[PDB]
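J.: Dropping the structure in here first, questions after.
Using ideal geometry, Cβ is built from the backbone for each residue, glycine included, and neighbour counts are taken over all protein chains shown. Just so it is clear, none of the values below were taken in a lab; they were calculated from the coordinates.
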Amino acid sequence: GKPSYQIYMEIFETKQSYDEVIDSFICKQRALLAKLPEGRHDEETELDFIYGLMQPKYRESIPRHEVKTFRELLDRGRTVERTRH
Amino acid sequence: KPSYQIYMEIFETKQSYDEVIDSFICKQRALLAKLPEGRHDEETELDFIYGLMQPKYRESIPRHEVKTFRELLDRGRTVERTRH
């Protein structure tokens, strides 16, 4: 297969692209996060991993400290995308 | 210190060419410790940084053969002593 350490390398090499939507990015990251050992990380941690990997428009507009879940994060990210076409 | 920036630093800080294992692990353990106490076990902290090492350490030290940083330092010193 593929060992935990290589997954972390993939997670942190998988940054959001300049035209990639938040729904796409979180799907991608959550799939990798699921290849990790079941029970290791809570959602707060999984959010910490990836928050800095989002594209700049989302980090400027969505303070990490205002989000507690992937649902809360997706909702604001879609909100971000729906205001600039 | 916001956990997500620490993680971004951890994985932005790969071991450089000719940087010895003590130098690299020092650096990372400093970052690993800025995280909330108790979040990660040592098995996880090794997984974080293991892929960040240079090829000679990974080529010679299988991740599955170390359980602690001390075991990692000891083999990493051995790798460096093979060329001294």
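J.: Which members of the range B:44-55 meet the condition of being more than 12 Å from chain A (Cβ to nearest Cβ) and closer than 18 Å to A:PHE12 by Cβ?
T.: Across the range B:44-55, the qualifying residue is only B:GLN54.
J.: Filter the range B:1-56 down to the residues that are touching a helix residue (DSSP H, G or I) at 6+ places or on another chain (Cβ under 9 Å) and among the basic types (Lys, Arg) and list them by number.
T.: B:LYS1, B:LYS14, B:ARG29, B:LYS34, B:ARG39, B:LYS56 - these are the residues of the range B:1-56 that are touching a helix residue (DSSP H, G or I) at 6+ places or on another chain (Cβ under 9 Å) and among the basic types (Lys, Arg).
J.: Of the residues in the range B:51-84, how many are in contact with a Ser or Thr (Cβ under 9 Å, 6 or more places away or on another chain) and under 17 Å from B:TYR7 (Cβ atoms)?
T.: Summing the residues that are in contact with a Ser or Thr (Cβ under 9 Å, 6 or more places away or on another chain) and under 17 Å from B:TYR7 (Cβ atoms) in the range B:51-84 gives 1.
J.: Something else: Go through B:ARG29, B:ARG39, B:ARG58, B:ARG70 for me and flag whichever is at the interface with another protein chain (Cβ under 10 Å from one of its Cβ atoms), within 13 Å of the chain's Cα centre (by Cα) and basic (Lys, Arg).
T.: Selected residue: B:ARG58, the only one of B:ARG29, B:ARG39, B:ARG58, B:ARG70 that is at the interface with another protein chain (Cβ under 10 Å from one of its Cβ atoms), within 13 Å of the chain's Cα centre (by Cα) and basic (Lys, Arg).
J.: Which one of these does B:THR68 not meet: (1) surrounded by 13 or more Cβ atoms within 10 Å (Cβ to Cβ); (2) touching a helix residue (DSSP H, G or I) at 6+ places or on another chain (Cβ under 8 Å); (3) not charged (D, E, K, R)?
T.: It is condition (1) that B:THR68 fails.
J.: Can you name every residue in the range A:15-26 that is surrounded by fewer than 17 Cβ atoms within 10 Å (Cβ to Cβ) and either away from chain B (no Cβ under 11 Å) or free of Cβ contacts under 8 Å to residues at least 12 places away in the same chain (or both)?
T.: Of everything in the range A:15-26, those that are surrounded by fewer than 17 Cβ atoms within 10 Å (Cβ to Cβ) and either away from chain B (no Cβ under 11 Å) or free of Cβ contacts under 8 Å to residues at least 12 places away in the same chain (or both) turn out to be A:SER17, A:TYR18, A:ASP19, A:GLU20, A:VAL21, A:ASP23, A:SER24.
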